[PDB]
């Protein structure tokens, strides 16, 4: 089920061309994943209490049009796949005119932050999604 997250573009996100730096979008996507989990009570507390961390294993981003300084964006996020130890997030960013700026597909793996090796998906997360 879709989760929406608003993001304002600030000077820090821009680059010399007047557009958002392409790596800043990657950070925006991470914020939206974090907020989606937070919304489902999967805070860092609840995660690291039942043995977890989440790390990015593979990420594909396709860039169509730029965001500019002071734009108000919407990050849209869905969990489209769940396996043994991993989830796939399907994400995209639109601007206030609903113009599609870029899209991402993010494979995420559940690990142990001390040693960082694949841990099975907690059943709480599987049932929640």
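Residue numbers count along the first chain shown, from 1.
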Taking the recorded C-alpha temperature factors, which stretch has the higher mean, 66-74 or 42-50? 42-50
Give the stretch, out of 51-59 and 93-101, with the larger mean C-alpha temperature factor in the deposited entry. 51-59
Among 111, 106, 23, 19, the highest C-alpha B-factor in the PDB entry belongs to 111
Per the entry's values, where does residue 32 land by CA temperature factor relative to the rest of its chain, in the lowest, middle or highest third? lowest
Sorting the chain's modelled residues by C-alpha B-factor and splitting them into thirds places residue 9 in the lowest
